[PDB]
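Only one chain comes next, encoded as structure tokens, the form deposited without the DNA.
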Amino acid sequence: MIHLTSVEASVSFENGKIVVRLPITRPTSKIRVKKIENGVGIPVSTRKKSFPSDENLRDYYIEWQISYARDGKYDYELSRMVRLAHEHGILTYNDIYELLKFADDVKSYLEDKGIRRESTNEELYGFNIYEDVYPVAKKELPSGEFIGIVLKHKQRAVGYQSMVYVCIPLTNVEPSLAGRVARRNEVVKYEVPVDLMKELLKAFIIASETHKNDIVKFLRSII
């Protein structure tokens, strides 16, 4: 007897580390499970075929389209992982300081690269072909996770949409799907490192001078 249920990211501060639990069996426009194959990943169905017992399990990750505000309020996903962390000392004054420093010392963003359509000079059967160029910026933490920043033509208006993305490999989550399949409504636990936390905030700062403003306003306020 199914009920309308929202698949969101649940962030908590438990037994020391800042934590988050995520579903791995209900794909959304924000979460889902892709397999990395040649620098880019494809969607996988965690319930049809059992994950590898190690020989590539690091290739499977959870792509989470993370954000930092639900609606004008700064207590959504990231913004909340931070508040907590700062609140419980996981995130030090200095940490926030260096970011704010970092912020101040930035003036080139991803929204600067722009999205451009350039004419090559070749042509397909009489048809003048071009190439639309979209900028993307990745980064990978030692542990294995990687941050992605993308740009989108502002849905219903003029401008852009910098979208921070994070991905944490199945090898970095609890439990370990090694050699099995996902359970009907399986959720996993992922402890969050400050660097990861710090990079996600940094990732926005360089993403676009708007996002910066916010990240610089959120962080200042928490002082």
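A residue's number is simply how far along the shown sequence it sits, counting from 1.
Unshown form solved in complex with the DNA; subsequent notes refer to it.
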item	value
Close approach of residue 208 to the DNA in the entry with it bound, 4.5 Å, heavy atom	no
Exercise: residue 28 in contact with the DNA in the entry with it bound, heavy atom 4.5 Å	yes
Touches the DNA in the entry with it bound: residue 53 (any heavy atom, 4.5 Å)	no
Touches the DNA in the entry with it bound: residue 176 (any heavy atom, 4.5 Å)	no
Residues within stretch 182-206 having a non-hydrogen atom within 4.5 Å of the DNA in the entry with it bound	183, 184, 185
